[PDB]
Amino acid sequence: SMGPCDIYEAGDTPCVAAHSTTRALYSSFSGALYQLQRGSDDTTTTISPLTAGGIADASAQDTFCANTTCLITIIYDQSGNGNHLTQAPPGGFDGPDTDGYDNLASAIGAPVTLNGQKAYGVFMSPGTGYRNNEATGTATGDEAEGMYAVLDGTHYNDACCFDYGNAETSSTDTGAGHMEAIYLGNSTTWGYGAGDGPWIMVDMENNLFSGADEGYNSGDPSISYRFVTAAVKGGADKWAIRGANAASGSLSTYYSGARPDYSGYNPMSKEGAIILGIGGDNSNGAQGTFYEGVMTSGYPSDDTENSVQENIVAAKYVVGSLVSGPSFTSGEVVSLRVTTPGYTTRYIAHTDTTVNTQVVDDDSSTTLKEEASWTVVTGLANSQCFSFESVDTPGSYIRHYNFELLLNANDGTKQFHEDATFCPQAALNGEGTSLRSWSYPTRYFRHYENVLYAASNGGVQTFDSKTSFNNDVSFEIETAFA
């Protein structure tokens, strides 16, 4: 058979970078797709397809990552050009990680199946980013290229910038025309399309374009696919945006034609670096999910892209399970007991907005019993996951904010919903559940000095301590006190 990069090669516009955590993009590719790093010992392993041209060995990831946390350290370039994506460095903007690097992604925030076989995408929270500033074979200057990505059309924000494609080698803004990358989100700072978003646009630096005009272009529709194929291409005073449901049907063209008639976009000044999840100046406020994508040399024909889209549809992307372990039912009322030795009589409770742990038993005040009792409801931002509503304060839910867990009233916003959704995971220490943040899947409910945080297994916050991490994120599900 033929994978996407075999199709691009047959069209004489071959891949020069080919990135996926889900599958091989060449029929003969059997090498490593990505690298994992686990928090227990900070060692790494690689994940390859199970067959040549096949699907990632998700079972090998699950084995490596058992009873710990995993990060995706490298997304390998399958093309042989060496264009592997690694932790993005500081640039015009600092990231939030060590020395202003951007965060690595969780390995488990984007479970899918491909024709019924589990695999994992790259779920990127704000501050997450990958890059290769030493890329070879990528288009530079006004040279032609194409690219595509398969993304989560429901995972996005309006912050700059969830990009995949060609960028600056310095990680700084070197001007109009020094980028050409896919963007997905509902930014309206520069361009935007019809409806409420999100939109596929093209980041050409100091502009996200939804078509020929700065700002609004009517022909760029809002994306309402869970899996979106975004296909972008650029050449000498020509470029295009095409989009599809990656699960069904064909690409439609939402822009095709001349460069925007504004200073600095023709000819282009591409530099050949590759970015994922961030802007070319390291703008790192965006979120999104990446499953697969490529960059090519040459300007692909519509026919070549249509063949690629037929291949994507035949890969049969379906949403995977985000939940493991004992889990919950909507309307259940629970208490959550600390399992860390020395703290095992404590329960997750709250004192006004502060979520904390306290000793709770049958002699406790009814006030504290209610503060240690939680109504489990369907996840506000994801219906597979859950949200935890206060018994004493109905309408208020556990949410993260500056990575501390707070009890705040639901204000009906997308942001609150996302900050208040948690995905049960079989407990890292085998005692009950661990509650993983849906929006920041590197982070978990974690008690630290008897206060609740959304903590990572190591990190820049004091409450990201690796000491006692597995125990401090494991809670037993008990009958509610009230």
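Note that residue numbering begins at 1 and tracks the sequence as displayed.
- When 409-417 is weighed against 24-32, 409-417 comes out higher, by mean CA B-factor as recorded in the entry.
- As listed in the deposited structure, the average C-alpha B-factor of 287-295 and of 170-178 is greater for 170-178.
- Considering 163, 213, 152, 305 together, the PDB entry gives 213 the largest C-alpha B factor.
- The maximum CA B-factor among the listed residues 244, 236, 275, 71, taken from the PDB record, is found at 236.
- Remark: residue 18 belongs to the lowest third of its chain, ranked by C-alpha B-factor as recorded.
- Ranked by Cα temperature factor within the chain, residue 377 sits in the highest third according to the deposited record.
- Compared with the other modelled residues of the chain, the Cα B-factor recorded for residue 350 ranks in the middle third.
- Among the modelled residues of its chain, residue 193 has a C-alpha B-factor that falls in the highest third according to the deposited record.
- Sorting the modelled residues of the chain by their CA temperature factor places residue 40 in the middle third.
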